[PDB]
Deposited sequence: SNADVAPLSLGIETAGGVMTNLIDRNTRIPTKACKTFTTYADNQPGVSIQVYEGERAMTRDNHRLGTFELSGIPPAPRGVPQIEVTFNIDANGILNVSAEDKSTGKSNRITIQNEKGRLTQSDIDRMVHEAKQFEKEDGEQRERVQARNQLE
């Protein structure tokens, strides 16, 4: 019993950054530290996606929430911990917190076909060269708009 698709958030440039890879046994929990794309950025949008493709526009949006009220700092200085937690029922909670202010927000995604899982992993195998190149286009990591 698993996450049948990779789960992650959109990072600067429409890039898919994973927290949980497909076929990870559940329950499972993962976290990474994200940060700002721009100097003095007031907030970030946490856009939760499901799928195997390099760009989020080729994956499936599960939900979005905002984390606002980030104090002004140079780009890349804020520390925003994003946690994906999937429980034994397959329910996914995505939390974001700003390490310095402790400002927090969360979304609950409901567990709610087998054939189309199969082809999404196939289409991803198809488009692997072009997707790899697509990841080479942004060298920075973990930045959020």
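- For this chain, the deposited residues without C-alpha positions form the stretches 1-3, 116-119, given in sequence order.
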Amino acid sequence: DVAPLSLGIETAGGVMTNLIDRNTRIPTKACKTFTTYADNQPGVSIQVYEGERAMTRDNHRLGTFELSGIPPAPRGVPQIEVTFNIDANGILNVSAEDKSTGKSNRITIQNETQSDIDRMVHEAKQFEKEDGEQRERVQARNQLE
From here on, numbers count along this sequence of modelled residues.
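- Averaged over their C-alpha atoms, the temperature factors of 15-23 and 118-126 are higher for 118-126.
- Just going by the entry, 86-94 versus 52-60 on mean CA temperature factor gives the higher value to 52-60.
- Of the residues listed, 39, 81, 112, 66, the entry assigns the biggest Cα temperature factor to 112.
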